[PDB]
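Chains as they are written, first to last, in PDB author numbering: chain C, 21 to 129; chain D, 23 to 130. Even for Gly, the Cβ is constructed at its ideal location relative to N, Cα and C. Structure record follows, encoded as structure tokens.
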Amino acid sequence: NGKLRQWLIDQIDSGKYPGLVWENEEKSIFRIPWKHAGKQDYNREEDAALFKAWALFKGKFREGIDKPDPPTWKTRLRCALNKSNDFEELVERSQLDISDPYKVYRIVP
Amino acid sequence: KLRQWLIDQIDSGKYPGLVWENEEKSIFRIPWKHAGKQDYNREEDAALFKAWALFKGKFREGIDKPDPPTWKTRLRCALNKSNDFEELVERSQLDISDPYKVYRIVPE
DNA sequence: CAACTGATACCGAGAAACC
DNA sequence: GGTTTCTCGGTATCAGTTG
């Protein structure tokens, strides 16, 4: 019934979203971009693409029918990451105060 | 069946918001509020979930710890899973203060 | 006031569980 | 064979903070 682990793994492996990059060869720690939507370094298309992808994969957002709202997509992906036991962030490696802000996550068996 | 239990609950008039929509006593409203933290009293009908927990013995008053959330869970699942109740989803009102959803009892 | 956030409440859909 | 309750994997809100 789980659909987040495989989806995220395929998303990183696709190499489609810049920033979504494996940090080791063992496929168990990965970086995920995390930029504020209000800042000037923010690009609506690139930085909000993964959250929108998760939103429309699970069928929450339907392009053309629903009014878009990237903040809620970000919150969906965030809450799914905190809640699911398959991912846990390494908060010491997650630098959220640089020109690029990212988050480091680690996968369990 | 919870059909007769809930019919008696609406008929009792004890629960605010638990009221029939018609004279035939077939369609009714049930309040549906989101709780706070320990704030389960904003829910106009938390006593209904308490009463369901007491009826099936899922909570012994003074012997078990109160858990309003799973009481509400139990009530909602038993409602939408029962063939005796159909939701009038085109009538339910979750977007308003004093929020409620409308159900219809079916004879069989 | 947008955007964001951890913690808690919530939800549907089976899978037991019970009568 | 027929009515509820238990699990699970996420989702949405509570009650705020950040910028």
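A residue is called buried when at least 16 other Cβ atoms come within 10 angstroms of its Cβ; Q60/C does not meet this threshold and is exposed. Under DSSP, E108/C shares a beta bridge with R126/C.
With a beta-carbon spacing of about 17 Å, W54/D and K103/D fall beyond the 8 Å limit used to define contacts. Nearest C-alpha to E109/D among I127/D, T92/D, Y37/D, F71/D: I127/D. Rounded to whole angstroms, the separation of the alpha carbons of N63/D and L24/D is 24 Å. Residue nearest to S34/C within the set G58/C, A100/C, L70/C is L70/C (criterion: CA-CA distance). When secondary structure is reduced to three states using DSSP, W54/D falls in the coil class, being assigned neither helix nor strand. Taking C-beta atoms as the reference points, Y125/C and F77/C fail to come closer than 7 Å. Secondary structure note for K94/D: its alpha helix (DSSP H) is the uninterrupted segment 90 to 103. Around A68/D, the same chain offers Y62, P90 as residues with beta carbons nearer than 7 Å, after the five sequence neighbours per side are excluded. For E43/C and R113/C, the gap between their C-alpha atoms comes out near 11 Å. For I85/D and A75/D, the gap between their C-alpha atoms comes out near 13 Å. According to the DSSP assignment, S34/C belongs to the alpha helix (DSSP H) that extends over 24 to 34. Within the same chain, and ignoring the five residues on either side of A100/C in sequence, the residues whose Cβ sits closer than 7 Å to its Cβ are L24. Rounded to whole angstroms, the separation of the alpha carbons of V111/C and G79/C is 30 Å.
Between the C-alpha atoms of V41/C and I52/C there is a straight-line separation of about 7 Å. Excluding residues up to 5 positions away in sequence, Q31 lie with their Cβ nearer than 7 Å to the Cβ of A73/C in the same chain. Excluding sequence positions up to five before and after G58/D, its CB lies within less than 7 Å of the CB of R64, all in the same chain and listed in chain order. In this structure, the CA atom of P38/D is about 25 Å from the CA atom of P129/D. Here the alpha carbon of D117/C sits roughly 11 Å from the alpha carbon of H56/C. Listed in chain order, the non-local C-beta contacts of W27/C below 8 Å within the same chain comprise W74, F77, local neighbours out to five positions each way being set aside.
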